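Residue numbers (the deposited numbering), protein chains in the order written: chain V, 287 to 381; chain S, 1358 to 1399. All C-beta atoms, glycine included, are put in the ideal place defined by N, C-alpha and C.
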């Protein structure tokens, strides 16, 4: 809701998850009793279709596979030679 | 089913039209200011 409204997880300005969610809501409401299986099997449907759309968000906006090998190369030191020249110079003036 | 969900259904149309009026005044500044030529002149 902060940055941009077409970037939503469920599909709220941009998709039509909401009408299906509303039908699920009418079905859940029509019930005077309560149990565990009927409540939690449709806790999948408010999660699983929502848990895939943001996965299909951040692939295209960022090139996911780019920075998430880059950030490991800065910390686990994949570019090994590229920091030793830093280490050689930083030794002579951290004395 | 929710008083906030139907509130959220009016909400993004009210986000959509303000951005539609905001993208007209960006074009109206483009056609009358010619600002980049004045920016280079400063």
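Alpha-carbon spacing of residue 298 of chain V relative to residue 356 of chain V, whole angstroms: The count along the first chain starts at 1 and reaches residue 298 of chain V at position 12. The count along the first chain starts at 1 and reaches residue 356 of chain V at position 70. Taking the straight line from one Cα to the other gives about 33 Å.
Classify residue 382 of chain V as helix, strand or coil using the three-state DSSP reduction. The question about residue 382 of chain V has no answer here: the residues shown for chain V are numbered 287 through 381.
Buried or exposed (CB count within 10 angstroms, at least 16 for buried), residue 325 of chain V: The residue you call residue 325 of chain V lines up with position 39 of the first chain. Flag for residue 325 of chain V reads exposed.
Relative to chain V, which residues along the region 1370 to 1394 of chain S have a C-beta separation below 7 Å, given in chain order? 1372
Roughly how many whole angstroms lie between the Cα atoms of residue 368 of chain V and residue 311 of chain V? Numbered from its first residue, the first chain carries residue 368 of chain V at position 82. Numbered from its first residue, the first chain carries residue 311 of chain V at position 25. Distance between the alpha carbons of residue 368 of chain V and residue 311 of chain V: 56 Å.
Between residue 1387 of chain S and residue 339 of chain V, what straight-line distance do the alpha-carbon atoms span, to the nearest angstrom? Within the second chain, the letter at position 30 stands for residue 1387 of chain S. Within the first chain, the letter at position 53 stands for residue 339 of chain V. Roughly 37 Å separates the two Cα atoms.
Smallest Cα separation from residue 304 of chain V: which of S:1382, S:1399, S:1376 and S:1358? By 1-based counting over the first chain, the position of residue 304 of chain V is 18. Residue 304 of chain V has its Cα closest to that of S:1358, out of S:1382, S:1399, S:1376 and S:1358.
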